[PDB]
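> Dropping in model-v3.pdb, with PDB, N, CA and C atoms.
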```
MODEL        1
ATOM      1  N   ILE U   1      20.650   7.831  -0.396  1.00  0.00           N
ATOM      2  CA  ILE U   1      20.578   9.190  -0.992  1.00  0.00           C
ATOM      3  C   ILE U   1      19.427   9.223  -2.013  1.00  0.00           C
ATOM      4  N   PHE U   2      19.685   9.728  -3.216  1.00  0.00           N
ATOM      5  CA  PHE U   2      18.648   9.812  -4.249  1.00  0.00           C
ATOM      6  C   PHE U   2      17.873   8.503  -4.374  1.00  0.00           C
ATOM      7  N   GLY U   3      18.577   7.395  -4.194  1.00  0.00           N
ATOM      8  CA  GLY U   3      17.965   6.075  -4.290  1.00  0.00           C
ATOM      9  C   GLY U   3      17.095   5.804  -3.082  1.00  0.00           C
ATOM     10  N   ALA U   4      17.064   6.764  -2.173  1.00  0.00           N
ATOM     11  CA  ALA U   4      16.262   6.653  -0.974  1.00  0.00           C
ATOM     12  C   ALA U   4      15.230   7.772  -0.953  1.00  0.00           C
ATOM     13  N   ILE U   5      15.559   8.874  -1.621  1.00  0.00           N
ATOM     14  CA  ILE U   5      14.664  10.015  -1.682  1.00  0.00           C
ATOM     15  C   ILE U   5      13.648   9.830  -2.803  1.00  0.00           C
ATOM     16  N   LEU U   6      14.127   9.394  -3.963  1.00  0.00           N
ATOM     17  CA  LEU U   6      13.250   9.188  -5.109  1.00  0.00           C
ATOM     18  C   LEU U   6      12.163   8.174  -4.779  1.00  0.00           C
ATOM     19  N   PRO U   7      12.512   7.036  -4.233  1.00  0.00           N
ATOM     20  CA  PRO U   7      11.502   5.999  -3.880  1.00  0.00           C
ATOM     21  C   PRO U   7      10.546   6.503  -2.799  1.00  0.00           C
ATOM     22  N   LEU U   8      11.099   7.195  -1.811  1.00  0.00           N
ATOM     23  CA  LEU U   8      10.286   7.733  -0.727  1.00  0.00           C
ATOM     24  C   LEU U   8       9.196   8.634  -1.295  1.00  0.00           C
ATOM     25  N   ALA U   9       9.592   9.540  -2.182  1.00  0.00           N
ATOM     26  CA  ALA U   9       8.647  10.463  -2.797  1.00  0.00           C
ATOM     27  C   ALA U   9       7.661   9.709  -3.669  1.00  0.00           C
ATOM     28  N   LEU U  10       8.150   8.666  -4.322  1.00  0.00           N
ATOM     29  CA  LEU U  10       7.311   7.850  -5.185  1.00  0.00           C
ATOM     30  C   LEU U  10       6.167   7.275  -4.377  1.00  0.00           C
ATOM     31  N   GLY U  11       6.429   7.020  -3.102  1.00  0.00           N
ATOM     32  CA  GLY U  11       5.407   6.477  -2.222  1.00  0.00           C
ATOM     33  C   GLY U  11       4.503   7.587  -1.726  1.00  0.00           C
ATOM     34  N   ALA U  12       5.107   8.671  -1.261  1.00  0.00           N
ATOM     35  CA  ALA U  12       4.330   9.806  -0.786  1.00  0.00           C
ATOM     36  C   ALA U  12       3.275  10.136  -1.828  1.00  0.00           C
ATOM     37  N   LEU U  13       3.639   9.937  -3.090  1.00  0.00           N
ATOM     38  CA  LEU U  13       2.720  10.184  -4.183  1.00  0.00           C
ATOM     39  C   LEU U  13       1.512   9.278  -4.015  1.00  0.00           C
ATOM     40  N   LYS U  14       1.773   8.002  -3.750  1.00  0.00           N
ATOM     41  CA  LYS U  14       0.685   7.064  -3.555  1.00  0.00           C
ATOM     42  C   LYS U  14      -0.143   7.504  -2.358  1.00  0.00           C
ATOM     43  N   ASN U  15       0.520   8.154  -1.408  1.00  0.00           N
ATOM     44  CA  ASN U  15      -0.152   8.632  -0.208  1.00  0.00           C
ATOM     45  C   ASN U  15      -0.950   9.886  -0.511  1.00  0.00           C
ATOM     46  N   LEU U  16      -0.868  10.365  -1.746  1.00  0.00           N
ATOM     47  CA  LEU U  16      -1.591  11.568  -2.132  1.00  0.00           C
ATOM     48  C   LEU U  16      -2.779  11.218  -3.014  1.00  0.00           C
ATOM     49  N   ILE U  17      -2.546  10.320  -3.956  1.00  0.00           N
ATOM     50  CA  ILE U  17      -3.584   9.905  -4.886  1.00  0.00           C
ATOM     51  C   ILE U  17      -4.489   8.833  -4.285  1.00  0.00           C
ATOM     52  N   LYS U  18      -3.901   7.688  -3.938  1.00  0.00           N
ATOM     53  CA  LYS U  18      -4.659   6.565  -3.376  1.00  0.00           C
ATOM     54  C   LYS U  18      -5.665   6.044  -4.397  1.00  0.00           C
TER      55      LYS U  18
ENDMDL
END
```
Would you mind writing the structure in this file as structure tokens?

Amino acid sequence: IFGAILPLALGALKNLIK
């Protein structure tokens, strides 16, 4: 759940900034 959504988004972020 949140412990899976929060981390996922945390990565998507890296996929945005790089």
> Around all of region 9-18 of chain U's listed atoms, make the axis-aligned box with 4 Å on each side and tell me centre and edge lengths in Å to one decimal, as JSON.

```
{"center_x": 2.0, "center_y": 8.8, "center_z": -2.7, "size_x": 23.3, "size_y": 13.5, "size_z": 13.0}
```
> Measure the distance from atom N of residue 1 (chain U) to atom C of residue 15 (chain U) in Å and round it to one decimal.
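We find that atom N of residue 1 (chain U) and atom C of residue 15 (chain U) lie 21.7 Å from each other.
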> Could you check how far atom N of residue 3 (chain U) sits from atom N of residue 16 (chain U), in Å to one decimal?
19.8 Å
> Quick one: distance from atom N of residue 18 (chain U) to atom N of residue 2 (chain U) in Å, one decimal?
23.7 Å
